[PDB]
Structure formats: C-alpha cells, structure tokens
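First the structure, in the form of structure tokens, and then the observations on it.
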Amino acid sequence: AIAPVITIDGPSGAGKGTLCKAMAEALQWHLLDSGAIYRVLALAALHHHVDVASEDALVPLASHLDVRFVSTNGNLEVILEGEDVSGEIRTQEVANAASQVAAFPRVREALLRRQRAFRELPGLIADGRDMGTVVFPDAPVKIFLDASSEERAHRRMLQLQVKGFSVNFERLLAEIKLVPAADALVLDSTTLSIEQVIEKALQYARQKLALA
C-alpha cells in the first residue's frame, strides 16, 4: 500500500485481459499482466545472452526488469527496455524459455518483488491467477472472473486463429475440460455480457474507491 490496486484473477479464457484493458483505459491507471511477465523475462534473457539454466544469472535480471504494459483502444503494447515486443512474446520459443525460467525458486521470488513494484499512483490494475491472494493480499478491490467452458473454449479458438491456427471447437472444448480470495467480488462472464461485466466491475470499484 498507499496506492490502490484492483486485482483480477480467474481461469484462462475468462476475459480477464479484456476487462483489465478496459479498466486501465477507463481509469487511466497503470497496468500489470502477470501472465506476460515470465515471457518478458525469458525474452530479456535471450536478448542479453543470459543463460536460461542459470538461477544465479537470472535473479538480478528479474529484479531489474524494465517492462511496462500499455493498452490503447484494447491493444496491449509490451515495452521491454523501450521497444514494443508484443509480437515476440507470443512465440512458442519464448513460451518454452519462460517455462525453464519459471522452474527456479529464487527467480519466482525475484519476480514476486518486481511485480509488487508496479503499485504506484494513481493506481494499478493487475491481472493473473494469484493476484489477490499472493501478490497483493491487501488490495482494496478484488474481482474473481469465472466463465463457462464454452465461453472459455471460444476465447481460446479466437486466440489461436490469430497466430494462424484454426482449430475445431469441439477439440478445444475437450482440451479445456486458482482459489478466489475470501474478500473477492465473484463475477460470471457467461451470465453477463463482457460489456456488462466491465460496467459491473467499474461500479464496484467506484463504490469502494470514489463516489459521493
């Protein structure tokens, strides 16, 4: 604390990205995508020639990571050391190095400290899986976003089509077929439209942080 943090946790394909981008743009606050964080670290290592298997070399790199997330019209730019690398981060190769980097206990602890460092004024929207339970347990507004398998399977299908792969809906529904904080507002992405979820999330934030 001091600066307010709104945390958004939930499973893959629930629409957290969309929500987090809409809220950061509406409020004009800082943005943190914890899912992208390990991929950015793996890319910096590749870029600097830091050995992906060396926990000792990766810790200082993680603790000093120069990244920022900017959302414009729903488009996320991932700026690493000043250059946009949003495209680079979506590769399988970077996803694979990210898994190697994440295996080490000291690297995960260094990234835990690095992510808490994003909490600045006027505030922060943070999205991930353990944002409200582990990274920012004291957050004033905590939202857990749930969605049906079909909703999640559809979101994955569009995500992959983007990289070029169009895959059978039934196949993905099979492929897809994380504890909310005690103090989280639970919102269901399938009972409400995504536009309705964003309105409902912004109203709850307002009641807790502003209004009157």
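Following Swiss-Prot, chain A residues are numbered 3-179, 193-227, in order.
The way this entry was determined, per its header, is X-ray crystallography, 1.8 Å.
Each residue, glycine too, has its Cβ placed from N, Cα and C.
Shown in sequence order, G76, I209, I213 are the residues of the chain, 6+ apart in sequence, with a C-beta less than 8 angstroms from the C-beta of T20 (ATP binding site). Residues or ranges marked as ATP binding site in Swiss-Prot: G12, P13, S14, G15, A16, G17, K18, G19, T20.
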- request: Please list residues from the chain of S14 (ATP binding site) whose Cβ is under 8 angstroms from its Cβ, counting only those at least six apart in sequence.
  value: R154, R158, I178
